[PDB]
Amino acid sequence: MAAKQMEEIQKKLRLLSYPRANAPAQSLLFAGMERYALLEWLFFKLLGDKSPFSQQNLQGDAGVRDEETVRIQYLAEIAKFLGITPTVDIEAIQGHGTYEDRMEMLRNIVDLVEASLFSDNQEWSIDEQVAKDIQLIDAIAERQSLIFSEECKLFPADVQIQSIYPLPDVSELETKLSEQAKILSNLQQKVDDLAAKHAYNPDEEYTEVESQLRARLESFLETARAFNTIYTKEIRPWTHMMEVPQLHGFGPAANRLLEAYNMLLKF
Amino acid sequence: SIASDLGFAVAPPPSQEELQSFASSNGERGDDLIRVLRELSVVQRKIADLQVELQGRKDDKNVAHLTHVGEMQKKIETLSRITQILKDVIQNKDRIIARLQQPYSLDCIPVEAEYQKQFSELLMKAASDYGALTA
Amino acid sequence: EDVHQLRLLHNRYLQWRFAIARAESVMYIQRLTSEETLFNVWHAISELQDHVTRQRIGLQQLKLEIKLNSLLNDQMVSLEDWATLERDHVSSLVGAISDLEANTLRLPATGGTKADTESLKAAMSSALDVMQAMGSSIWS
Amino acid sequence: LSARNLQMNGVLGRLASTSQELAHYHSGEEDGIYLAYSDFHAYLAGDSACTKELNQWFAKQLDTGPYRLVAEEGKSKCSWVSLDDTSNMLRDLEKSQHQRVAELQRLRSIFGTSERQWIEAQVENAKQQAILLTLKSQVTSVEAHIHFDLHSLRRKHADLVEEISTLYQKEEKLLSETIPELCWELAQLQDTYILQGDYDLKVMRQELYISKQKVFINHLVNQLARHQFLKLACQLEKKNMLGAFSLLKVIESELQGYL
Amino acid sequence: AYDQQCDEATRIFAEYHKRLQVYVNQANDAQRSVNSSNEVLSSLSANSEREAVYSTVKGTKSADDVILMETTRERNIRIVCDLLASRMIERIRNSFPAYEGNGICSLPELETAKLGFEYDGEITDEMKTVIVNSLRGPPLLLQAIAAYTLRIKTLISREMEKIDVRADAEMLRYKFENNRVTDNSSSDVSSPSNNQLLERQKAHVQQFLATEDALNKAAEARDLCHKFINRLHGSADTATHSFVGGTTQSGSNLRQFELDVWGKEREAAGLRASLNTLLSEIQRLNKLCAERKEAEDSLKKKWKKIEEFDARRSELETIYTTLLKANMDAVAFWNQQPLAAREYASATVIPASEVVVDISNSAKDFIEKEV
Amino acid sequence: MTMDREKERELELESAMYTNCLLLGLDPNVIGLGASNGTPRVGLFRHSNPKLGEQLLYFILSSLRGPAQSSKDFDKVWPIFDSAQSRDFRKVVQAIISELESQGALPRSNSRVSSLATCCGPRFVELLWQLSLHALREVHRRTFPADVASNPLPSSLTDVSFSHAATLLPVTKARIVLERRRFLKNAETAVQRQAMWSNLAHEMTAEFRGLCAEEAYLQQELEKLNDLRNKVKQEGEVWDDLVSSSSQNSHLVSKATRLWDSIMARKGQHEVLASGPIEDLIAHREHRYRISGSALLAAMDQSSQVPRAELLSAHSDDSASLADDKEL
């Protein structure tokens, strides 16, 4: 997720949106010459705190690129304890870390300049500072979670798949996702279980069909009543009539079987 | 009021926008897990209940219904056609000789049908001989 | 004031952990317990799911199938004569089969042959064609 | 002459009483004939029923024989569509069965056992023995014409072959035109033989009852007329008996010459 | 001199009683037989008038002759049935089919008279048998005959049934043969030797030759095809005698054309010998468009024979309706009713009284004879 | 189930943060209205509280200054000095103490030396501002003193110790917003969890009317009913619950089906192909007599049908006519 942060951040840079292909590799190049040539609009305000040597950079314009190379270790003394190990890392892909360190100072200067201007309006501000905030925002904030409840149905529509796995997969979803795959496979059966509440309507239909077929058997079942007792005695001679089919062909062939049955003995 | 609104606008990114970025990798799982598991936990318990149900379900559906569904759907068929050609024909044993002689004939009627076609050849021969007469 | 030295919050992060504490540590430490509680309600919920499947079906199927039992009994009423034939189940079993077997082999025969006349006719004709070879004897 | 008229009177006493007294008995006769009239008509009751009986007796020769036949003849067109399925089924009991098993496969056996000796043993010896005589004959065509050698290349062949070429063409070409002609005679030839023979069994006996045709009804017709003459015979004995009564009156002819 | 008229009268009234007998010659013979014997016995003629009824009783003892009579009476007609052919077969065949326009009127007057005239001529063997019974029959025979008229009409049956074989067996011969040949003539003995199966034996001996020449007959044109192959085989035959054929090989300057010179025998030899089998079918091919009609005509003639048979049976029904009129002839006694009306009309009462005095006057003359 | 615990759990969620609100949110308001209106009340207030309140009512401020003891060590003199100057701290040295404390607190005199100059005049209303001043660092003691003094560091020297170095004093206010963002960051996930389980609560109200009401039925009456809704079904249903009797139930079905399959099942395998004879049902009814002879005619002898009918009527009529006249 932090990898895309590099692409977006100088996308907003109107003159550094295109160099994004090389920007993570030439950001120090941007900090070398573009730091004044192209970074004179936004980061120049942050460069105001770096004016002393930038003012000194006016005196050493002949070797400013040489001198900014001397300043590279002063970028290192900025991270002489926090980022000596990540220094190798931040150059290529962990550039977000030094952007996590770039935003580390970005929020301070805003806080810093806010502190300076608030130091003039503090004639009564502190009388209204430590007290008012605790009752206004906090009271709404507990109720504002309900506001997030509504919108957490709108914006996570494309994020619900995005954010289901990341953390729980190591502890909870490790077996749940496999269970999740198994459940969706069995989800079709459980869908019919919703229809199982309505299953009585076709379940009762089965016994109705034979009853409906019994209704059709009216005047047939009543004959089937006769078809048992009257006719059961007649199947016993019918097994003798079962030979008639073979005997039926033998009828016309009775005279000529004497010259035909010897063929079977030959084979 | 513009300064008031922009001053208020820097507070949500600590609170509102951060969770759409940070908790979008750290907090959104609550919406995701609960709803599906709400359905998942119910159905998974039903599976064992369905495992409890199948022994009766294999009884009512197959052993009771599908067993008897097969039985019922043919007692009408046998009483309509099956009983006609052997059970009724016992009373018609005088006809069963002729009634059973007919199926023998339909396997042999075209054998005797040579006589009628052996007469039409005279008409066919005259039609065929017409070309020779013209020539 | 530490925002200006927020680079030093790397060491003060341990001290900055107390800023987590009074508002966010109580938040997750208790919500971790909530994970047990939402398990506990699931334990109560899971117990209900087994019971309702037992109780409802055992009663929902109860009244309905009793009504359907009569039709099955009425279906046995449709077999009332054969129910009297149940005592003679050895003998009455053959008769209705004989009513079928003399017709339940022609039905596959009639249906199959007309659909398979293109191919099955030759196989069937093999047995019959041998006895038509008698034409040699009638002149000889 | 003393006693010439004395003896007869004694015997004539009761004798002469009934001489003309029978004229009174004129009334007695018609009772007797009317007595016979009842006798005659009652015996006619023996013949009264018999006239219908004899007609009925010949009516036995009406339906049982003659019209059990024509019923099949009459009902031929009424159900000819099903007649091709019902009557033939009974008709094809043996005649079609015999054709299917015997007549259909009668000729196949002798095709291969008789054709070869009758088609490949006719012109071989003549063809075999003709090569030598042709060698002797060709010498004459040359030695008796020798001067033709310079003109003997090709056209000298046609001097004797011309009359054979075109005629051979006609006799060989007719093989093609007779390809579909004779292939049908065999099947039709045998079927006509059995059909003619089977139905000639009908004819030969039917040509005998024509001698007996003059016997079925001729004798029976006279039987009815054998008893019509009996009625004709009744009117014979009626004139004579009634002739006695009118002539009974004429006895008054000379009697009127007395008073 | 009229005393002699009365004198001769006594005789003549004795002779007048000798004339009353000659009123009826059927009574003249009977009266004079007893008249001469005795005059009171001459009155037995009145009783002899009752003897005719007693004479019918004598016919009962004559029934022994009656049964022996009807038998030879049928022998009288049965032998002459040869002559009965033209008179009755024509009579039966044309009663309804020809005379229906006038059959009801012509039959009992004209048509029956001719048969009686034929009965006069050919059944003359029997007119005498009833002409002798024209006077002595009704007094004697009619009692026993009418008593035995059903006996003589049923005892007559079991010779007609033997000669009704023409029609009775016809249906049997027509019907009971086709069903019989299906299961009885199906198992006919090999080589039949009877007239009924003689035509079948004609097929058998004709089958004895046709089967032998079956394929060749269907391939008479193909006979020369194998002969044509024999012409191709002649090349091998020519090569067989190559040791003699070297003489022609020497004439290289002459070898060019002699090959086709031999072509005459290469073509004519097989051609002439192939004219036999072709002639066997050419004679029928040129008229095949007409001979096939003859072949089917035999089957039609069977139906034509069927037409002749159903003509008679239908024509047989025609005479039975006319035979109903023959029964109506037995009901047609209305024609002879006027001949009996004159019998009843002449039964008057009034001349009976007139003769009473007449015989009273006439019989009185007998007592005066004593003079 | 368990909202009351969850609400009790929810109360515990608010309990941690709002425990401070008991003293930093609930206490300040009453003294907040007692501070702006302090000057109306400090009159009578400064006659009994400076002795009683310091020892009892305003000794509680020493409890919060305790964690700040290091810096408060100099401030500790203030409760020490006030105790020894009770008659003099009621209205007088409430402004003088800042000057006295300034001399001992030069690093913090930056506020105090500036405080001593302006506090003397409006002291009876200015003392309120001074009170905030020693409260301006209390929670800031957790953050302000050590961290802001850690400015001279190589990572923050050029950037901060050159341009932001002038913000050594104003940076105090920067702390107050950080906790606010911290709570919101503490609420980055807290609200999300609070968003739905609070929402889910009203789905646990549904399982009251739907689920838990039913389990209350399950507990007593349905459990006894289970004794009832299965005793009857053993005839048809309850036998199979153990598989040994499930076949026996099928055997009873087999007892019931002993006649059915004996008769019905024989035609089961052949009825599927018996549909062909069903096609023969119509054919054998009306097409039987037509197809008997036309099997060869309708196939290939179609042209040969007309001559047979022609001889059937044109020439055969006369013979049958004689019979027909008899049949008429």
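Got a sec? Which helices (runs of 4 or more DSSP H) wholly within the range A:45-164 have at least 2 residues that are of a type in the set (S, T, Y)?
On the way: elements: A:51-59, A:64-78, A:86-90, A:95-118, A:132-151, A:160-163.
Because the criterion is at least 2 residues that are of a type in the set (S, T, Y), the helices (runs of 4 or more DSSP H) in the range A:45-164 that meet it are A:51-59, A:64-78, A:95-118, A:132-151.
Step by step: first the residues of the range E:117-142, then only those that are among the charged types (D, E, K, R) and over 17 Å from E:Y54 (Cβ atoms), then the one that is farthest from the chain's Cα centre (by Cα). Which residue is that? Walk me through how you get there before you give the answer.
Initially, the range E:117-142 is screened for residues among the charged types (D, E, K, R), giving E:118, E:120, E:122, E:125-126, E:128, E:136.
Those still in the list that are over 17 Å from E:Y54 (Cβ atoms) too: E:118, E:120, E:122, E:125-126, E:128.
Values: E:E118: 14, E:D120: 18, E:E122: 14, E:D125: 18, E:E126: 18, E:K128: 23 Å.
This residue is E:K128.
Being assigned to a helix (DSSP H, G or I), surrounded by 13 or more Cβ atoms within 10 Å (Cβ to Cβ) and polar (S, T, N, Q) is the filter here; which residues of the range F:303-319 pass it?
F:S304, F:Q305, F:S319
Considering only the range E:281-288, I want to know if a residue exists there that is more than 14 Å from chain F (Cβ to nearest Cβ), among the β-branched types (V, I, T) and surrounded by fewer than 16 Cβ atoms within 10 Å (Cβ to Cβ).
The initial filter retains those residues of the range E:281-288 that are more than 14 Å from chain F (Cβ to nearest Cβ), namely E:281-288.
Those still in the list that are among the β-branched types (V, I, T) too: E:282.
From what is left, the residues that are surrounded by fewer than 16 Cβ atoms within 10 Å (Cβ to Cβ) are E:282.
Yes - at least one qualifying residue is present in the range E:281-288.
Looking only at the range F:217-235, decide whether some residue is of a type in the set (K, R) and crowded, with 19+ Cβ neighbours inside 10 Å. If you could, list the steps in order and put the result at the bottom.
From the range F:217-235, those of a type in the set (K, R) are F:224, F:229, F:231, F:233; that's our starting set.
Still in the list and also crowded, with 19+ Cβ neighbours inside 10 Å: F:229, F:233.
Among the residues of the range F:217-235, at least one is of a type in the set (K, R) and crowded, with 19+ Cβ neighbours inside 10 Å, which makes the answer yes.
So is E:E90 part of a helix (DSSP H, G or I), surrounded by 17 or more Cβ atoms within 10 Å (Cβ to Cβ) and of a type in the set (D, E) or not? First the steps, then the outcome.
Working: part of a helix (DSSP H, G or I): yes; surrounded by 17 or more Cβ atoms within 10 Å (Cβ to Cβ): no; of a type in the set (D, E): yes.
Taking the combined requirement at face value, the residue does not satisfy it.
Going by the structure shown, is D:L195 closer than 30 Å to E:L197 by Cα and touching a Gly at 6+ places or on another chain (Cβ under 7 Å)?
On the way: closer than 30 Å to E:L197 by Cα: yes; touching a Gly at 6+ places or on another chain (Cβ under 7 Å): no.
So D:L195 does not fit the description; no.
Which one of A:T223, A:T207 is in a helix (DSSP H, G or I), touching a helix residue (DSSP H, G or I) at 6+ places or on another chain (Cβ under 7 Å) and surrounded by 12 or more Cβ atoms within 10 Å (Cβ to Cβ)? Let's see the steps before the verdict.
On the way: A:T223 fails: touching a helix residue (DSSP H, G or I) at 6+ places or on another chain (Cβ under 7 Å).
None of the other options fit; the residue is A:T207.
Residues are listed down the side, and each one gets a yes or a no for (1) over 19 Å from F:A35 (Cα atoms); (2) among the charged types (D, E, K, R); (3) in contact (Cβ under 8 Å) with a residue 24 or more places away in the chain:
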position: F:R87; (1), (2), (3): yes, yes, no
position: F:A95; (1), (2), (3): no, no, yes
position: F:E99; (1), (2), (3): yes, yes, no
position: F:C119; (1), (2), (3): no, no, yes
position: F:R137; (1), (2), (3): no, yes, yes
position: F:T143; (1), (2), (3): yes, no, yes
position: F:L157; (1), (2), (3): yes, no, no
position: F:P170; (1), (2), (3): yes, no, no
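Name the single residue, out of those in the range B:1-28 being charged (D, E, K, R) and part of a helix (DSSP H, G or I), that is surrounded by the fewest Cβ atoms within 10 Å (Cβ to Cβ). Steps first, answer last, please.
Let us first name the residues in the range B:1-28 that are charged (D, E, K, R), namely B:5, B:17-18, B:28.
Going one step further and asking which of them are part of a helix (DSSP H, G or I), we end up with B:5, B:17-18.
Working: B:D5: 8, B:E17: 12, B:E18: 19.
Top of the filtered list is B:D5.
Which ones in the range A:26-56 are touching a helix residue (DSSP H, G or I) at 6+ places or on another chain (Cβ under 8 Å) and more than 23 Å from A:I109 (Cα to Cα)?
A:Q26, A:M33
Which residue pairs have Cβ atoms under 7 Å apart, sit 6 or more places apart or on different chains, and have a first residue in the range D:220-238 that is without any contact (Cβ under 8 Å) to a residue 24 or more places away in the chain and of a type in the set (V, I, T) and a second that is part of a helix (DSSP H, G or I) and surrounded by 17 or more Cβ atoms within 10 Å (Cβ to Cβ)?
If the second residue must be part of a helix (DSSP H, G or I) and surrounded by 17 or more Cβ atoms within 10 Å (Cβ to Cβ), the pairs left are D:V221/E:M88; D:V221/E:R91; D:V221/E:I92.
Hey, can you tell me all the residues within the range E:7-44 that are facing chain D (nearest Cβ under 9 Å), assigned to a helix (DSSP H, G or I), over 50 Å from the mean Cα position of the chain (by Cα) and of a type in the set (G, A, S)?
Once the filter is applied, which keeps residues that are facing chain D (nearest Cβ under 9 Å), assigned to a helix (DSSP H, G or I), over 50 Å from the mean Cα position of the chain (by Cα) and of a type in the set (G, A, S), the range E:7-44 yields E:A9, E:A14, E:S42.
Results for (1) under 19 Å from C:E35 (Cα atoms); (2) crowded, with 16+ Cβ neighbours inside 10 Å, shown as yes or no for each residue.
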residue	(1), (2)
F:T2	yes, yes
F:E6	yes, yes
F:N20	no, no
F:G25	no, yes
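Quick check on this structure: which one of C:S92, C:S119, C:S70 is without any contact (Cβ under 8 Å) to a residue 12 or more places away in the chain, buried (at least 16 other Cβ atoms within 10 Å of the Cβ) and either within 20 Å of B:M72 (Cβ to Cβ) or hydroxyl-bearing (S, T, Y) (or both)?
Working: C:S119 fails: buried (at least 16 other Cβ atoms within 10 Å of the Cβ); C:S70 fails: buried (at least 16 other Cβ atoms within 10 Å of the Cβ).
Every option except C:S92 fails the conditions.
Hey, does the range D:85-103 have a residue that's over 30 Å from E:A332 (Cβ atoms), small (G, A, S) and within 14 Å of chain C (Cβ to nearest Cβ)? Lay out the reasoning, then the answer.
Of all residues in the range D:85-103, those over 30 Å from E:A332 (Cβ atoms) come to D:85-103.
Narrowing the set further to residues that are small (G, A, S) leaves D:87, D:96, D:102.
Of the ones still in play, those that are also within 14 Å of chain C (Cβ to nearest Cβ) are D:96, D:102.
Among the residues of the range D:85-103, at least one is over 30 Å from E:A332 (Cβ atoms), small (G, A, S) and within 14 Å of chain C (Cβ to nearest Cβ), which makes the answer yes.
Name the helices (runs of 4 or more DSSP H) wholly inside the range E:262-371 in which the number of residues that are of a type in the set (K, R) and in contact (Cβ under 8 Å) with a residue 24 or more places away in the chain is 1 or more.
Values: elements: E:263-273, E:275-285, E:288-331, E:337-345, E:350-364.
Of the helices (runs of 4 or more DSSP H) lying wholly inside the range E:262-371, those with at least 1 residues that are of a type in the set (K, R) and in contact (Cβ under 8 Å) with a residue 24 or more places away in the chain span E:263-273, E:288-331.
Taking C:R56 and the conditions (1) facing chain F (nearest Cβ under 7 Å); (2) over 21 Å from B:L106 (Cβ atoms); (3) basic (K, R), which numbered condition does it fall short on, given that it satisfies the others?
So C:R56 meets the others, but not (1).
Please determine whether any residue of the range E:67-75 is part of a helix (DSSP H, G or I), touching a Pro at 6+ places or on another chain (Cβ under 6 Å) and hydrophobic (A, V, I, L, M, F, W, C).
From the range E:67-75, those part of a helix (DSSP H, G or I) are E:67-75; that's our starting set.
Filter once more, keeping what is touching a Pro at 6+ places or on another chain (Cβ under 6 Å): none.
No, there is no match, as no residue in the range E:67-75 is part of a helix (DSSP H, G or I), touching a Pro at 6+ places or on another chain (Cβ under 6 Å) and hydrophobic (A, V, I, L, M, F, W, C).
State whether the residues of the range A:120-141 include one that is within 17 Å of the chain's Cα centre (by Cα) and either within 14 Å of chain F (Cβ to nearest Cβ) or crowded, with 19+ Cβ neighbours inside 10 Å (or both).
Kept after step one, since they are within 17 Å of the chain's Cα centre (by Cα), are these residues of the range A:120-141: none.
No, the range A:120-141 contains no residue that is within 17 Å of the chain's Cα centre (by Cα) and either within 14 Å of chain F (Cβ to nearest Cβ) or crowded, with 19+ Cβ neighbours inside 10 Å (or both).
Looking only at residues that are within 18 Å of B:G7 (Cα to Cα) and under 41 Å from the mean Cα position of the chain (by Cα) in the range A:104-113, which one is surrounded by the fewest Cβ atoms within 10 Å (Cβ to Cβ)?
Looking at the filtered set, the residue picked out is A:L106.
Have a look at D:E252, D:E171, D:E185, D:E177 and point out the one that is within 30 Å of E:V22 (Cβ to Cβ) and either exposed (fewer than 15 other Cβ atoms within 10 Å of the Cβ) or not hydroxyl-bearing (S, T, Y) (or both).
That would be D:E252, the only listed residue that is within 30 Å of E:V22 (Cβ to Cβ) and either exposed (fewer than 15 other Cβ atoms within 10 Å of the Cβ) or not hydroxyl-bearing (S, T, Y) (or both).
Using beta carbons and a limit of 7 Å, which pairs, at least six apart or on different chains, have the first residue in the range A:80-106 and more than 12 Å from chain C (Cβ to nearest Cβ) and the second one among the hydroxyl-bearing types (S, T, Y) and part of a helix (DSSP H, G or I)?
Between residues of the range A:80-106 that are more than 12 Å from chain C (Cβ to nearest Cβ) and residues that are among the hydroxyl-bearing types (S, T, Y) and part of a helix (DSSP H, G or I), the close pairs are A:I90/A:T98; A:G95/A:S27.
Report, ordered by the first and then the second residue, all pairs with beta carbons closer than 6 Å, sequence separation of six or more or different chains, a first member in the range D:147-167 that is closer than 12 Å to E:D260 by Cβ and within 8 Å of chain E (Cβ to nearest Cβ), and a second member that is among the β-branched types (V, I, T) and assigned to a helix (DSSP H, G or I).
Hits for this filter: D:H157/E:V261.
Among (1) of a type outside the set (D, E); (2) facing another protein chain (nearest Cβ under 7 Å); (3) surrounded by fewer than 16 Cβ atoms within 10 Å (Cβ to Cβ), which single condition is E:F257 missing?
Condition (3) is where E:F257 drops out.
Name the helices (runs of 4 or more DSSP H) wholly within the range E:137-232 that hold at least 1 residues that are crowded, with 17+ Cβ neighbours inside 10 Å, touching a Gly at 6+ places or on another chain (Cβ under 7 Å) and at the interface with another protein chain (Cβ under 7 Å from one of its Cβ atoms)?
It comes to E:142-147, E:149-154, E:165-183, E:198-210.
Output the number of the condition that E:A85 fails; it satisfies all remaining conditions of (1) within 28 Å of E:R151 (Cα to Cα); (2) more than 10 Å from chain D (Cβ to nearest Cβ).
(2)
So if I check each of F:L273, F:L259, F:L242, F:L297, which one is more than 7 Å from every other protein chain (Cβ to nearest Cβ), in contact with a helix residue (DSSP H, G or I) (Cβ under 7 Å, 6 or more places away or on another chain) and either without any contact (Cβ under 8 Å) to a residue 60 or more places away in the chain or of a type in the set (G, A, S) (or both)? Step through it out loud before you land on a result.
Details: F:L273 fails: more than 7 Å from every other protein chain (Cβ to nearest Cβ); F:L259 fails: more than 7 Å from every other protein chain (Cβ to nearest Cβ); F:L242 fails: in contact with a helix residue (DSSP H, G or I) (Cβ under 7 Å, 6 or more places away or on another chain).
After applying the criteria, what remains is F:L297.
Please note: Cβ atoms are built from the backbone with ideal geometry, for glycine as well, and neighbour counts cover all protein chains shown. Each value in this text was obtained by applying a stated rule to the coordinates, not by laboratory testing.
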